[PDB]
Amino acid sequence: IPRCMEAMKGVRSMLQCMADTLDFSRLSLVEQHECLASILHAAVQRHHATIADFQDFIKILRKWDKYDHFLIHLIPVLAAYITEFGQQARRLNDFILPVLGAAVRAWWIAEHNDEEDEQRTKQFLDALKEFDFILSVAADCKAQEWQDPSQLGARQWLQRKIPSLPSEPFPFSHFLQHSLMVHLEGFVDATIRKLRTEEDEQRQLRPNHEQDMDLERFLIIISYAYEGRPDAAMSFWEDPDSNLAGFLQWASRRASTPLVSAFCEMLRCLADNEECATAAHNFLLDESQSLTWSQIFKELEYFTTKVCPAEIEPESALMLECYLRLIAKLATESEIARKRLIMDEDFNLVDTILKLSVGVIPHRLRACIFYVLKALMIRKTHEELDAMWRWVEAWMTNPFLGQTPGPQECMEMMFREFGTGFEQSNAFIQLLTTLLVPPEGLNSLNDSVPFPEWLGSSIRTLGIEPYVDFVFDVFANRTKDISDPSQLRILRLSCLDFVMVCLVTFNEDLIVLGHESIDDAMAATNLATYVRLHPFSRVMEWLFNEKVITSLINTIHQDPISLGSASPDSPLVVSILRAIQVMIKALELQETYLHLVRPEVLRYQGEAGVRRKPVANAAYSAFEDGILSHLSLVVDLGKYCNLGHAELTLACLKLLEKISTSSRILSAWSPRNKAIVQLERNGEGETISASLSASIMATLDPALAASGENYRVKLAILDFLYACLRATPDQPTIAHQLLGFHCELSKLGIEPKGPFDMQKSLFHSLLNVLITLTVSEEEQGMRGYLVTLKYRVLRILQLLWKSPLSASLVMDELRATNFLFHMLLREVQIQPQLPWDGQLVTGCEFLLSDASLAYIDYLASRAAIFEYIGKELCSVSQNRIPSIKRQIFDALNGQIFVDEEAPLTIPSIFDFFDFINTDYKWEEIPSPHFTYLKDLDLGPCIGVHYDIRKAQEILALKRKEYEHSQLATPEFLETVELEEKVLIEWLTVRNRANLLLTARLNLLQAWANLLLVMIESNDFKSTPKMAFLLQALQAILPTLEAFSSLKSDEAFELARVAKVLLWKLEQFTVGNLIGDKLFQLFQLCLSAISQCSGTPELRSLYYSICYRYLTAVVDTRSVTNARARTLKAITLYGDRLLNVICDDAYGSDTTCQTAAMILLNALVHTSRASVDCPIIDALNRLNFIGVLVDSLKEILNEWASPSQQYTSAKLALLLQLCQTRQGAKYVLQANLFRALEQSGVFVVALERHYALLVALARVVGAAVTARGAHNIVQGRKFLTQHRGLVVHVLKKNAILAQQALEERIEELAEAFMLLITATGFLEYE
Amino acid sequence: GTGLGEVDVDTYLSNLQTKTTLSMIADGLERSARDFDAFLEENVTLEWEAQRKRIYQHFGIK
């Protein structure tokens, strides 16, 4: 115990000598002293405190001199000492600033208590004459820094001779406040007829000299004590016969204006809960008379008539203020009290207080009346809403110079008087706000207009627009008159809260629906009625006014230190939050307003003829145009992110997202660049980058994962960066600066010795968190929030290194950090049994749980990773050959040699290829029944990607529409609810299915490209290369064979990786498994071609695959068996396959027909190698040879060009056909010679022309010599009809390009010579 | 992306695809020419290699 006294004395001596880094020291030491006092009274409450420590503590207090916080810290200690001790009791009684001593004496007398009683009363009244101290302590100890306007002046009208504590900001502990209020509760209970009689007779005899007003101070002590504690305040309502209930019955008998004020303050504090409020309400009903509602309302009427000199006494005005405050408290707390008071005519609360408001009264009394009205309308029904709106109408329209004042002039007078003073302004605006809160609830369908529609029809008052105009005129013009900053912040908070309550209830879904595709569908009378009457039409107009914008950015821009050091619930923060929220909502609903609302209003006002002052700035064609002028807004938001207020930070981040994304602002700022230089004015761009960095490396709470302040701030930062980077990507933006890059005019670099160049910036913080996060927790595999987070970070990086400006730097820094190796290290591979937040995949039925998104996100993450790898490998391979390729390839094989002793094991790239398991069958989902609402349209909703919000609104309004007609309402309704839920359930499932398929395709493209780059860019030798390609085939084949029936997008990627793999081609086992896989591929390619699957490009890949499998693999018992089974496979499908290949030839696609031509050539060649051919017979039956010979006509037009190589393959096929007997026959049968004669066909360009002539001459020669003497006459006619040409060539034949041309001439000469001798043109002579 | 030849991964592997297709075209042309050469080699080697060239060495102006 004494050691604690010594420590406290030392702390006080230190703080006193130090005043004669520093602020934080004073704060820490006073906190230590308060903790020590807390521990001291905790010990005294226990039986450890001895008899001498009591005397020592009372001696320290006797010596205490200054009224300081340190003294307040010891009040619980004294109370505990007196409670424990107060024979020992009698000795300590006798043993006992001066006001302290008096309070100590009074406390002991109350805790320990004919001659004795007389002495007690004597010395107790002596101490009292000298409560004021006890009250001053109770008030100062529990003093919130932000003032509550609803209770201004309450409990602050008693004379205080106590000196105000010094200005040092030492805030008491919440627990110390609770402890002191417990001790004051005990003091009240201990103390609980001479004082009342003495003081009231003293008032009447000499009222001019008010004195000894101690009983009121005692009641206020009770009020401060039981404040906030209804569980303890129940002692006044738990038992009627108790002494506390007796005290309440006694203090309320007589009505002395100051005592009545104190008693009503005491009730306001006691009645703090619904039960305590109901008990108080019942006490004042009385259903020796106590203070009842009857008396209160009687005096209200009496003073009402008094005001309308004739000005209420200060004490009476205070009395009325306490009455109205007690009314408001008991109305907000209790439903019974409010319902009884609002319309029990005997009380006539509303009418009487409205009359009193009209008359001349102080600002506070009028504000109290407004607050009473607000309390009466905090909860309401549409009937009470209409009633109160009728009474407000009569009170505003009607409560001399000429004959009479009009009604609109009356309303203007009411509005101009209000708003001049702060209290009237705040109370009236908050009442308006409360009135515009629908009784149903803020967030509901909200079909109706928040106020009665007829509020405008009478006396041409334009509905609610007057009230909105008043609130905005206060917010802009008449708030200039306010001086105290706290009042200004509270007023702006009230104004912006009014604006929000206005903008919320405006359902834009109803407006967009009605415009795209009325009377009863919505609760409102008509759509146009809802549009024009709703305050939204007017509110938006204001938000385009310059003064409103200036007042907003003035509300935002505040003192940063006073802002950060303030409380999150204080008006200083909440005001800025509401201002940001107003700006956000304006940017949101701006599109709806300018196009679907403003035209209707400007048309209805011209038709109806009515008009009102246009407040919107005609120059602002868009909300953005008003804020982009002064740039300082972005700086303020970024700085406020550093203040550690969750809600405010998120709001600032979303506002930055929208400010930077908008077309207007970006177009105006950057035609160097405004936003960047502005963030650089005083070096803010770096401190907010630092703050954001520390924010995205803050710890997380596993229990609170999705709803984690740090987690939500992270996602907000990432969403801001991604959204700012997506828009205007190829130019420097705010995000690029904040990441650490140096932004020159249309160029990005890194400033030496800065945060980025030293790996401290926001970008490196993203990398750090990305590489160190453990996505998969052990208990529940793959926690969704970490997956989503990784996706957000990876997509940011992806947009970063995709753009050309950032690409170079981002890729360099990622290589320097071994980013890839860490990612591959922490990337888990997918398995069917892997639970995602405790849910197996189990096919299509898994898409509905939010975990579905996680899966999708993870796929995207994978894709991003693979894309980087591909680029990395390629970018490493082309520029030079460093030793990094070795590391990349080892890591893709499951080995990292950064550590020399043991290379950690990673799933191989082929093991990572698990995302495609077609057993799920995502695509094919069932369609619901929809017996009811069979064809409910989904047009407004919208591959096909539905907008569920508009669908759900449709369902809600259709349920209301159906309800109104009244057809099987009580019973058949349950089935409608079920139908609705089934419908929205299926829509979400369909959306997520489509998104998953998109992610899967994108990931596959990435994976296929990765493997493709690997295949070409590698330094393998033959022995590892063969096994590497075997693994590739083992991975891709089961998919490409089983999935060929499903879809085509994936089949194209897998088919072309197979193509290239095959084309870039112990030892026996490998080569055999390879040939086995290659035959599997050949069979699946045949099966796909025979079914005319996919697009012509996928069929071109198939044809290329089949062509090489026939040219190289099959073309020695093993070879014979391979040829035999190959021909078996071809014959199995037979006519269909050949039919599709021939249809593909001479087709739309350029390369498909070429590949098909070359494939048919290889087919017939391998079938001959096995005297005729069945493939050639099939071709003859399918009329392929006929159309082919026909195409030989006009061949001059067709003939490096694609058409040239197509004709080359075409003529090569013709040649290979004319080689055999029946082939040449089928060719010749369809008027070949006539076709080539009609074509009129008879250094490198000459070489190509000679090659064409060679091909044609070879076709002719082969066809003639094949069948026999039936066509030798045709050969003789061909040589005689084109003679001279043959002579020219034979005479000619008898550097590189010249050698090629001469060889072609030699071949043409040989061809003509062969044709001549085989036909026997010598014999003809 | 500073050494000559550096191109986008897209261009790099698309040029790969085009390269493989062109090699297929050339391979098919080559083998066709050779397979044909083998056909007439079979037909001519059986008899009259020099007589077939001589007869027209004479018929037309040598």
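Residues numbered from 1 in each chain as written, not as in the entry; some residues may be left out. Chains lettered and ligands numbered in written order. Heavy atoms only, no water.

As deposited, the entry is annotated with X-ray crystallography as its determination method and 3.60 Å as its resolution.

Trainee: A description of the overall build of chain B should follow, citing residues and the corresponding values.
Mentor: For chain B, the helix and strand inventory stands at 2 helices and 0 strands. A globule of 62 residues ought to have a C-alpha radius of gyration of about 11 Å, yet chain B, at 23 Å, is considerably larger. In terms of overall dimensions, chain B has a C-alpha envelope of 65 × 25 × 15 Å along the principal axes. Working note: accessible area of chain B is about 4600 Å², and carbon and sulfur atoms make up 54% of it. Separation of charge centres in chain B, based on 7 positive and 11 negative side chains, amounts to 16 Å. (Helix = DSSP H or I, 4+ residues; strand = E, 2+ residues; numbered from the N terminus. Rg over C-alpha atoms; globule rule 2.2 N^0.38 Å. Areas by Shrake-Rupley, 256 points an atom, 1.4 Å probe, with all protein chains shown as cover. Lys, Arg positive; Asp, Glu negative; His and termini not counted. Charge placed at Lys NZ, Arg CZ, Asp CG, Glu CD.)

Trainee: I'd like to hear about the interface of chain A and chain B, residue by residue, with values.
Mentor: At the interface, 40 residues of chain A touch 32 residues of chain B. Summed over both partners, the interface of chain A with chain B comes to about 3500 Å²; 66% of that surface belongs to carbon and sulfur atoms. Ranking the residues of chain A by area buried against chain B places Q878(A), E1016(A) and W1063(A) at the top, with a combined share of 15%. The tally of links between chain A and chain B comes to 7 residue pairs in polar contact. If one sorts the elements of the side of chain A that touches chain B by residue count, helix α61 (residues 1202-1219) of chain A sits on top with 6 residues. Class assignment of the residues belonging to the side of chain A that touches chain B gives a composition of 14 nonpolar, 15 polar and 11 charged. (Contact = heavy atoms within 4.5 Å. Buried area = accessible area lost by both parts, 1.4 Å probe. Polar contact = N/O pair within 3.5 Å; in protein donor to acceptor, adjacent residues only side chain to side chain. Nonpolar A, V, L, I, M, F, W, Y, C, P; charged D, E, K, R; others polar.)

Trainee: So what's going on with unusual backbone geometry? Residues and values would help.
Mentor: All names here are of chain A. Phi is positive for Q759, which is not a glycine, with a value near 60°. Positive phi, close to 55°, is recorded for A968, a residue that is not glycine. Within the secondary structure, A968 sits in the loop between α49 (948-965) and α50 (973-1016).

Trainee: So what's going on with the side chain of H1282(A)? Residues and values would help.
Mentor: Secondary-structure assignment places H1282(A) in the loop between α65 (1272-1281) and α66 (1285-1293). Within the structure, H1282(A) has its side chain in polar contact with the backbone oxygen of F1278(A) (distance 3.1 Å).

Trainee: Provide a residue-level description of the environment of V44(A), including the pertinent values.
Mentor: Residues and elements named next belong to chain A. Along the chain, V44 falls in helix α2 (residues 22-45). Sequence separation between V44 and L22 is 22 residues, and the spatial gap between their C-alpha atoms is 33 Å. Apart from residues lying up to four places away in sequence, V44 is in contact with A49, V77, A80 and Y81.

Trainee: Can you lay out the pattern of salt bridges for me, pointing to particular residues and giving the numbers?
Mentor: Residue and element names in this part refer to chain A. As enumerated under the stated definition, the model contains 49 salt bridges over all chains in all. Ionic pairing is found between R712 and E647, a salt bridge with its closest N-O pair at 3.8 Å. Judged by relative accessible area, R712 falls into the partly exposed class, the value being 38%. Residue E647 is classed as partly exposed on the basis of its relative accessible area of 46%. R1304 is the salt-bridge partner of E1247, the closest N and O atoms lying 3.2 Å from each other. When salt bridges that share partners are traced, they join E265, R268, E321 and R325 into one network. (Salt bridge = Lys/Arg side-chain N within 4 Å of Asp/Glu carboxyl O. Buried < 20%, exposed > 50% of the residue type's maximum accessible area, 1.4 Å probe, protein only.)

Trainee: Mind laying out a negative patch on the surface, listing which residues take part and the relevant values?
Mentor: Taken together, the side chains of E1302(A), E1303(A), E1306(A), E1310(A), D37(B), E41(B) and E49(B) make up a negatively charged region of the molecular surface. Only α67 (1296-1319) of chain A together with α1 (9-45) of chain B provide two or more residues apiece to the negative patch. Topologically, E1310(A) is positioned in helix α67. (Patch = residues over 30% accessible without salt bridge, like charges linked within 9 Å, V, L, I, M, F, W, Y side chains within 5 Å.)

Trainee: For helix α26 (residues 465-476) of chain A, give the residues involved together with the corresponding values.
Mentor: Because each turn of an α-helix spans 3.6 residues, side chains separated by three or four positions in sequence point in the same direction. Residues and elements named next belong to chain A. Over its 12 residues, α26 extends 16 Å from the first C-alpha to the last, a length consistent with the 16 Å expected when each residue adds 1.5 Å. Of all 12 residues making up α26, 11 are buried, and the element is well covered by its neighbours. Among the residues making up α26, those that are buried are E465, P466, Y467, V468, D469, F470, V471, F472, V474, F475 and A476. (Expected span 1.5 Å × (residues − 1).)

Trainee: Pulling in residues and values, what's your account of a nonpolar patch on the surface?
Mentor: There is a patch of nonpolar side chains on the surface, built from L462(A), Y604(A) and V610(A) and spanning about 210 Å² of accessible area. Tracing the sequence through the fold places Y604(A) in helix α33 (residues 571-608).

Trainee: Explain the environment of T305(A) residue by residue, including any values.
Mentor: Within the secondary structure layout, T305(A) lies in helix α18 (residues 293-307). Linking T305(A) and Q289(A), residues 16 residues apart in sequence, is a C-alpha distance of 25 Å.

Trainee: For the nonpolar core, give the residues involved together with the corresponding values.
Mentor: With 475 residues, the main nonpolar core has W237(A), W293(A), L543(A), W1007(A), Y1102(A), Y1103(A) and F1184(A) as its most contacted residues. In contact with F1184(A), not counting residues within four places along its chain, are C1142(A), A1145(A), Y1146(A), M1157(A), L1160(A), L1179(A) and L1213(A). (Core = buried A, V, L, I, M, F, W, Y, C linked by side-chain atoms within 4.5 Å.)

Trainee: Residues and numbers for the domain arrangement of chain A, please.
Mentor: All names here are of chain A. When cut into domains, chain A gives domain 1 (381-620), domain 2 (628-786) and domain 3 (787-922 + 993-1000). The gap between the C-alpha centroids of domain 2 and domain 3 is 24 Å. In this complex, domain 2 contributes 39 residues to the contact, which on the side of domain 3 involves 33 residues. Here domain 2 is connected to domain 3 by 2 salt bridges. (Domains from an automatic or database assignment.)

Trainee: Before we move on, can you summarise the packing of α18(A) against helix α21 (residues 349-358) of chain A with the specific residues and values?
Mentor: Residues and elements named next belong to chain A. Contact geometry of α18 with α21 gives a least axis separation of 9 Å together with a crossing angle of 30°. It follows from the interaxial angle that α18 and α21 lie roughly parallel. The element α18 and its partner α21 pack so that their crossing is left-handed. Along the contact surface, α18 presents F297, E301, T304 and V307, while α21 presents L349, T352, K355 and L356. Residue classes in the contact of α18 with α21 are distributed as 4 nonpolar, 2 polar and 2 charged. (Axes fitted to C-alpha atoms, helices over the stretch in contact; angles between N-to-C directions. Parallel < 35°, antiparallel > 145°, perpendicular 65-115°, else oblique. Left-handed = near helix turned anticlockwise from the far one by under 90°.)

Trainee: How would you summarise the side chain of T278(A) if you had to cite specific residues and measurements?
Mentor: Within the secondary structure layout, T278(A) lies in helix α17 (residues 274-283). Dropping the residues within four chain positions of it, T278(A) is found in contact with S334(A) and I336(A).

Trainee: Break down a positive patch on the surface for me, citing the residues and quoting the values.
Mentor: Residues and elements named next belong to chain A. Among the surface-exposed residues, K9, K59, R62 and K63 lie close enough to one another that they form a single positively charged patch. Broken down by element, the positive patch gets its largest block of residues, 3 residues, from helix α3 (residues 51-63). Following the sequence through the fold, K59 ends up in helix α3. Residue classification places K59 among the partly exposed residues on the basis of a relative accessible area of 38%.

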